[PDB]
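Number of protein chains: 2
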Amino acid sequence: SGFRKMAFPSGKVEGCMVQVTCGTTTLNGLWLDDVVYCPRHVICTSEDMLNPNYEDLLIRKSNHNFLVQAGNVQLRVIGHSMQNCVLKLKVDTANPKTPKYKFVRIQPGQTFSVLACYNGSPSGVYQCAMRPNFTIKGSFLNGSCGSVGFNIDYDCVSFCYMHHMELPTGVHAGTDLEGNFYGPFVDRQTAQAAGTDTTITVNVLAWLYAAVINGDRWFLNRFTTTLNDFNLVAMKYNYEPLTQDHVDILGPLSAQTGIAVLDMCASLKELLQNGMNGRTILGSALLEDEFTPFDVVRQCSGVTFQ
Amino acid sequence: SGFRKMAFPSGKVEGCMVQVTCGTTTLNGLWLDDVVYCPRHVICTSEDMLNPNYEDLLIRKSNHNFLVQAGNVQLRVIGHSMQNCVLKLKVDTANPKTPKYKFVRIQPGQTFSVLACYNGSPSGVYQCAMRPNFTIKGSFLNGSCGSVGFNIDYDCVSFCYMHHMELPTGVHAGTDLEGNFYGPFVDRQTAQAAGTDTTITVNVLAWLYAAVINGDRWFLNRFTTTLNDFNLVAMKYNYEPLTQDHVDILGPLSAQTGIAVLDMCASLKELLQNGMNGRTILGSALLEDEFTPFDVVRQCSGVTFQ
């Protein structure tokens, strides 16, 4: 028992990290088969970032302008193309540690692990949620761009995030591995701000089911609610609306505990309107929204009585 | 910026995990050079657990009675001895992925990463503290015994913890890699209870320095305090006493931020007495004590590992 924010083991990802330098710019790349992926701003300078013309800048670059290092050994670059905001560097060597992998685009509220890297080398691993405003609350310093987020499903690594930039409130923005930004952000030095961040309700409900399972039920009530009513109250408290997909995903936790999703929604509606009277749930003073229902199910491993 | 509960990259440790089966008992082992380390209770059954005579049980086992599996490959066991509560299995093969490593015994309030494993397979990584009562607040299910805790410094993995058992309050007990329990606990089913757990004061101060470095400085007051003043307030809130050694250890963070230790202590004394008035620190409603001063420096410097 016990409940912890937990990341995926980072080893299959550590086997793909490389350093990529262009001119005086260095950041991290991801080496899969004979390709290296990195943020396209590696070809820029600080001065270019004010109004960058990526097509033109890449035109004036040869393969020889990209120095790719996998620890000690240099990788020869044979080709370079841009896909949206990611550079793809074709190399003469296939990564012998390439895991089974896929590129996925994740949805707001879905979690993933981040391997923070500097100069092609891992610094640390932590669990993140894609916020409703298409930011993540990371821990990243200069040199971290090209750090990736990922899930492991079976033995298959699903890469879902590449780090590009930090916004003025200290949250981070990036792309999927096809180089499309999450959210309304661009890889240019211009006034950007993250939108109003909302709370990931399906994750708050997952966490409430976790509370119940680890013994805390002080907040439960006999009342039940309908879904549109809940959503109208949710809206008022900067909570994301709960969709039918979300109700479906909470099915296993509902079944294990015998507490219907709409029952738990009624408990949450109450907690939002009244506050929590300085009482801790699973040792937290605030409702946690970065635990998915799948995260709670894995750690709790409960049975369902039918 | 950003500040996250961050684990060490787990890859060096994932290459050492194996499955150890003895009769019908299966749990995890650690394969370094030609030795496999695991909890000695692998040689027990549910029968033996009440009050097991480990010496007698081990005498009645040959090398042939131990099946060690490293993915698909079976390892030949060539020797076996017991050191305190760990079994050591000599195998015919040195682990070719053995990292630079050492065995250390940590002190209460020191942090480390746990690689949670099931049947020799890594499932999760998370950051933990050794509590003042020599328990850890883990996330472990049946099958997790022999999961290890570790730090990385330089290119060197320091193994500090092996998981043995869960106490009736849902907290976890185990051993260093020489098989000596942390705390007053034994590897038998006996009435055993964790002592009074306190907060790790020096770690809360480290965390306040992290907040400041990241721009969350609302809690800083102009008040200074004596060490004894601070302690006499702190004691009341189930906080460890702060020692001169603790003040010394916070020197680097004090120097980097240009804020005196005893100033920060005065800010903490204020937070303890008055609460946070709704404000959060680094997104958190509660004071966090699972970051050491070295943890804050590593994360804020972007320290990497081989």
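For the protein sequence lines, the chains are A and B, in the order given.
Okay, so the first sequence: first residue is 1 according to our numbering, each after it adds one.
Okay, so the second sequence: first residue is 1 according to our numbering, each after it adds one.
Cβ atoms here follow ideal geometry from the backbone N, Cα and C, with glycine treated the same way.
Of all residues in the stretch 55–70 of chain A, none places a beta-carbon less than 9 Å from a beta-carbon of chain B. Under the DSSP definition of a beta bridge, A285 (chain A) lacks any partner. In the three-state scheme derived from DSSP, where H, G and I count as helix and E and B as strand, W207 (chain A) is classed as helix. In the structure shown, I78 (chain A) adopts extended strand secondary structure according to DSSP, grouped into three states. Using a Cβ-Cβ cut-off of 8 Å, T304 (chain B) is close to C117, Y118, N119, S121, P122, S123 of chain A, given in chain order. If you compare the alpha carbons of B:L89, B:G120, B:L282, B:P184 with that of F134 (chain B), the shortest gap goes to B:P184.
Between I249 (chain A) and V212 (chain A), the CB-CB gap reaches or exceeds 8 Å. In the three-state reduction of the DSSP assignment, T175 (chain B) falls in the strand class. Under the Cβ criterion of 8 Å, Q299 (chain A) is counted among the residues facing chain B. Of all C-beta pairs linking the stretch 296–306 of chain A to the stretch 22–36 of chain B, fewer than three are shorter than 8 Å, placing the two stretches out of contact. For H64 (chain B), no alpha helix (DSSP H) run applies, since DSSP gives it neither H nor E.
In this structure, the alpha-carbon of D216 (chain B) lies about 22 Å from that of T199 (chain B).
Scanning its chain for C-beta atoms nearer than 6 Å, with the 5 sequence neighbours on each side dropped, one finds around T98 (chain A) the residues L32, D33, in chain order. Going by DSSP, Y54 (chain A) is part of no beta strand (DSSP E) but of the alpha helix (DSSP H) stretching over 54–59. The beta carbon of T111 (chain A) sits closer than 7 Å to those of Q127, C128, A129, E290, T292, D295, all from its chain and outside the five residues before and after it, given in chain order. Annotation for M165 (chain A): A173 place their beta carbon closer than 6 Å to its own, counting only its chain and skipping 5 residues before and after. Under the DSSP assignment, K100 (chain B) falls outside any alpha helix (DSSP H); it carries neither an H nor an E label. For the 8 Å CB-CB criterion, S158 (chain A) and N151 (chain A) form a contact. Rounded to the nearest angstrom, the Cβ distance from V148 (chain A) to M162 (chain A) is 5 Å, consistent with a contact under 8 Å. Excluding the 5 residues flanking it on each side, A260 (chain B) has same chain C-beta neighbours closer than 8 Å at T224, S254, in chain order.
In the three-state DSSP reduction, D295 (chain B) falls in the helix class (H, G or I). Between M6 (chain A) and chain B, the shortest Cβ-Cβ separation is below 8 Å. Across the stretch 9–23 of chain A, CB contacts with chain B closer than 9 Å involve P9, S10, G11, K12, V13, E14, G15, in sequence order along the chain. Below 8 Å, too few C-beta pairs join the stretch 263–282 of chain A and the stretch 100–117 of chain A to call them touching: fewer than three. In this structure, the CA atom of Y37 (chain B) is about 12 Å from the CA atom of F103 (chain B). Under the 8 Å criterion on CB atoms, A285 (chain B) is classed as interfacial with respect to chain A.
Listed by position along chain B, the residues whose Cβ is nearer than 9 Å to that of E166 (chain A) are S1, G2. Sixteen is the threshold: since fewer than 16 other Cβ atoms of the shown chains lie within 10 Å of the Cβ of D155 (chain A), the residue is exposed. Close partners of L141 (chain A) in chain B (Cβ separation under 7 Å): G302. Of the residues assessed, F305 (chain A) falls on the exposed side of the cut-off, its CB having fewer than 16 other CB atoms within 10 angstroms. Around the Cβ of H41 (chain A), a 10 Å sphere holds 16 or more other Cβ atoms; the residue is buried. The beta-carbon separation of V77 (chain A) and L87 (chain A), rounded to 10 Å, does not stay under the 8 Å limit for a contact.
In the three-state scheme derived from DSSP, where H, G and I count as helix and E and B as strand, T26 (chain A) is classed as strand.
Taking 8 Å as the cut-off between beta carbons, the residues of the stretch 195–221 of chain B near chain A are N214, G215, in sequence order. At a cut-off of 8 Å between beta carbons, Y37 (chain A) makes no contact with chain B.
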